[PDB]
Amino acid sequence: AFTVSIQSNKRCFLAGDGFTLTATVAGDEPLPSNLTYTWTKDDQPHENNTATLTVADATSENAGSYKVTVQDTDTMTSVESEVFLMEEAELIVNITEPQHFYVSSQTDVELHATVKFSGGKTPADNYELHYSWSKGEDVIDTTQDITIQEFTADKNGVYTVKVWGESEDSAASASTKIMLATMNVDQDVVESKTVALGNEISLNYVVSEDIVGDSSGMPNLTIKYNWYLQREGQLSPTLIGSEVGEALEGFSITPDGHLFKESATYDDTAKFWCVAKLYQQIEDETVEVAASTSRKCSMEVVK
């Protein structure tokens, strides 16, 4: 038996890679030792006439269906190989974290990069990928995964990871936009309020989202208002309501996050406060990124 096959040092290639194809003769011993090789790519003639065909700085042009015909010059028997299909692949690079997200204050943000080859094959088992992370004009690390330490409003921005193989010709990128989310308190709750028995109880805590720089593309932010009261000797605080609309003990919450009750009772005499929580909407899900708790108001129902 006298057979031939193409053996390759790569399963596929990325732009700028090198590779080598090898006509490999098999079968019963001794195998014919005086041989000519004729190579074709996609049915078209190739100039290379040696046992190995080598490519350097590959481009799309080097992809294609290779075949070698080997002739034994003693007998003149020629044997052609099955084609070896050499395909060009591209890197798909991904970040595990959301494309855009807000973070809570005083945290270290971990980012992870993942990579796949477009054709579901790596070029070779040991093939080496290079990672480079940057924010704007500065390289923040050369590792696949990185950590942004002590994230502050001035680290708001777009972080990008670039990945490539043997040549930067094969580079592909992913980006994520990360911003600090905090709240500002524009109007604190009143420190004390005395209310005529039978008249209206109305309390407000005015806070807003505090976001520095360009918020474009970032997750929708919402605020929810949690209202409490605690009376004398009373052990744990009563949560009056959370959602807008009506609430417990005759209290309602307006659309703006205001606490309201029609007519006071001597039982409404208590401390009130609000805990306002900031949420970012990511996919179908909502997650608190900040909170503000109001000063307690001493609510006196008299006369």
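Sequential numbering from 1, following the sequence displayed.
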{"query": "Residue range whose averaged C-alpha B-factor is higher in the record, 113 to 121 or 204 to 212", "finding": "204 to 212"}
{"query": "Higher-scoring stretch by recorded Cα B factor average, 182 to 190 or 92 to 100", "finding": "182 to 190"}
{"query": "Candidate set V55, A63, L248, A51 [ranked by C-alpha B-factor, highest]", "finding": "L248"}
{"query": "Highest recorded Cα temperature factor - choice among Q44, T238, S263, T69", "finding": "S263"}
{"query": "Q281, C-alpha B-factor rank within chain (lowest, middle or highest third)", "finding": "middle"}
{"query": "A171, C-alpha B-factor rank within chain (lowest, middle or highest third)", "finding": "middle"}
{"query": "Chain third (lowest, middle, highest) by recorded CA B-factor, residue given as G136", "finding": "highest"}
{"query": "Relative C-alpha B-factor of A26, binned into the chain's lowest, middle or highest third", "finding": "highest"}
{"query": "Position of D74 among the chain's modelled residues by C-alpha B-factor, lowest, middle or highest third", "finding": "middle"}
